[PDB]
């Protein structure tokens, strides 16, 4: 019934400096040939307080999709620090990978992302304004949250 199943998502280059682009190796199986495109997105939840600070880091179109197993590395540039509220810069946030068929999102893979300083004097005495060039992004890859949605597949 669900013409697309996501088999695996591997978090590549992790942990890494905050400014490094996100890299996810995605494997997915396609039950039948797809008449339309799959739209993949990487969204960064910049502020836990509001949804207005969520940043779509990249949106990729993959199609047409023949039946079978496919694999691709979804890469997206790091979020704009200019849009990240200071209070939500250092600590645990969320990164999402969402796939969409015919304008309907059918799967959302969420990961907790822990942004922390690596230097001892920064960890003990952090700056008032976060230094994003000294922050290390650590996606907690061993614990993703997968959510599937019921969509109209013809």
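Take the two forms, superpose them, and find the largest set of C-alpha atoms that agree within 1.5 Å; that set is the rigid core. Positions refer to the first chain, counted from 1.
- With 95 to 103 and 60 to 68 as candidates, the stretch whose CA atoms show the greater average offset from this form in 6 other deposited structures of this protein after a core fit is 60 to 68.
- When the C-alpha B-factors of 93 to 101 and 66 to 74 are averaged, 66 to 74 comes out higher.
- Ranking 56, 128, 87, 34 by the C-alpha B-factor listed in the PDB entry places 34 at the top.
- Ranked by C-alpha B-factor against the other modelled residues of its chain, residue 50 falls in the middle third.
- The deposited CA B-factor of residue 117 belongs to the middle third of values across its chain.
- Sort the chain's modelled residues by C-alpha temperature factor and residue 61 lands in the highest third, per the entry.
- Among all modelled residues in its chain, residue 43 ranks in the lowest third by Cα B-factor.
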